[PDB]
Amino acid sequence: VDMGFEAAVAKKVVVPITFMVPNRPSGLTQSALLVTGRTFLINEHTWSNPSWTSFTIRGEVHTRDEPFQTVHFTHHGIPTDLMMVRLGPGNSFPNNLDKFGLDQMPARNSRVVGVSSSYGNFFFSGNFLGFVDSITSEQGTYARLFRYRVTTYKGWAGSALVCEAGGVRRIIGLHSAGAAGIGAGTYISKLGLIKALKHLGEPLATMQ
């Protein structure tokens, strides 16, 4: 199996993130996706949880009261589990926009590869089960996901989901949830990322 693209995702995109809390003996660790500059992707259910007082990413500590610029993605007025967060000034992330987005839909039963830094680095995989308008979760309804047949675990949220369409493999999701042997990831589109990055002021050149 060619895994060159997934290896590049592990090398440049997926990183661990740990949220520190005052009501548990240990931090909550999962994965995050570096997009470009000072902007990354993270699950909304993790970001919005009220307990954490700081988090660490890329060797940096950030407190909850910092003036983060954020976008919470919605679909037809229903919340998704996807947040984009732009940090204050600091050392830049790689520009990983070449690794996100597919213009065609993945075929039924094609291979999904998850790329995680949640428990050290690892891959997981399962068959693509299709897009769903929403999932019903212990925290409410979330919109615009796709599913895959593989048992997933607490902490695996934020892992990059690499799918295949039109002879190319790209990241089109971030892991969100699990239910009885089936995982669900929140969909990522290139157009949505670009629109949100512009809203947050992450400076980029436009190819003309």
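We number the residues from 1 along the sequence you see.
Student: Hey, which bit's got the bigger mean C-alpha B factor in the entry, 21 to 29 or 7 to 15?
Tutor: If you average the C-alpha B-factors of 21 to 29 and of 7 to 15, the larger mean comes out for 21 to 29.
Student: Out of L82, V115, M105, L87, which residue has the highest Cα temperature factor in the PDB record?
Tutor: Largest recorded C-alpha B-factor: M105.
Student: What third of the chain does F68 rank in for C-alpha temperature factor, lowest, middle or highest?
Tutor: Highest third.
Student: Would you please rank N49 by its C-alpha temperature factor against the other modelled residues of its chain and give the third it falls in: lowest, middle or highest?
Tutor: Ranked within chain, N49 CA B lands in the highest tercile.
Student: Which third of the chain holds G167 when residues are ordered by C-alpha B factor: lowest, middle or highest?
Tutor: Highest third - that is where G167 ends up once the chain's C-alpha B-factors are sorted.
Student: Tell me, lowest, middle or highest third: where does the Cα B factor of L145 rank within its chain?
Tutor: Middle third, going by the recorded CA B-factors of the chain.
Student: By the recorded C-alpha temperature factor, relative to the other modelled residues in its chain, which third is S176 in?
Tutor: Its C-alpha B-factor, which the entry lists for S176, ranks in the lowest third among residues of this chain.
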